[PDB]
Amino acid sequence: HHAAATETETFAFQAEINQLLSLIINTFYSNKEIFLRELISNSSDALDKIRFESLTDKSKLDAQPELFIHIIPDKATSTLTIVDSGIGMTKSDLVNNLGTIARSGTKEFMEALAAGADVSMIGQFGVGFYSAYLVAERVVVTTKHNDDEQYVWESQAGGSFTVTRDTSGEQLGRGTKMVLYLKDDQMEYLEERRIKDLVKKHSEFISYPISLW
């Protein structure tokens, strides 16, 4: 019993995810805007999960009774933030799902890209999250699952990521927040109209209210 083991843990990405990241970051794509659709999809999926769980246990929603997605651009910090009240992720979920396990679609998506497939397919190959690196140089994810405490995952896609217990941040209640630190030439995603048109273009018929702030 070590009664203080809540530090900061550092993890290496799986080789195939390092490769995926390098492919995403070092090649030119004319449709980088698809990143927003991918993040909205992940939020929608997470909202579905807690919704489903709640059908057999109404107390599942207690920490946040509303199901929503909030998008918050900030010109002062150059960040685009996306918040949802989905099922959120356990500390284990973070490590397992966001870096440390190469899912089967990863190597498959890389081959599909080399053969001629468009990066827009990334969602179908089980790796849509990493598309955030199309426009961001750094991503921090804070997340809160009913079963666990609030944690923060962070990476600049340099071969590693960290996971840190978040005792001081805002405090989500339940769900996840992704903060994207946009690269210099990607500031267009902070404009209200760009976001509005984009949400309308690729999302539009999602089953949960999206608001812009």
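Residue numbers run from 1 along the displayed sequence.
Exercise for the section: Name the higher of the two by mean Cα B-factor in the PDB entry, 36 to 44 versus 51 to 59. Expected result: It is 51 to 59.
Exercise for the section: State which stretch shows the higher mean Cα B factor in the entry: 75 to 83 or 116 to 124. Expected result: Looking at the record's C-alpha B-factors, the answer is 116 to 124.
Handout entry: Given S30, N146, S160, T164, the residue at which the Cα B factor reaches its maximum
Key = Reading the PDB entry, the winner on C-alpha B-factor is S30.
Practice task
Grab the CA temperature factor for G169 from the record and place it in the lowest, middle or highest third of its chain.
Solution key: For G169, whose C-alpha B-factor we compare with every modelled residue in the chain, the answer is the highest third.
Practice task
Using the B-factor values recorded in the entry, state whether the Cα atom of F11 falls in the lowest, middle or highest third among the modelled residues of its chain.
Solution key: Its C-alpha B-factor belongs to the lowest third of this chain's values.
Exercise for the section: Using the B-factors in the PDB entry, rank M110's C-alpha atom against the chain and give the third, lowest, middle or highest. Expected result: It falls in the top third of the chain.
Problem - Ranked C-alpha temperature factor of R138 among modelled chain residues, by third - result: As the PDB entry reports it, the C-alpha B-factor of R138 lands in the middle third of its chain.
Problem - Among modelled residues of the same chain, the CA temperature factor third for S104 - result: Highest third - that is where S104 ends up once the chain's C-alpha B-factors are sorted.
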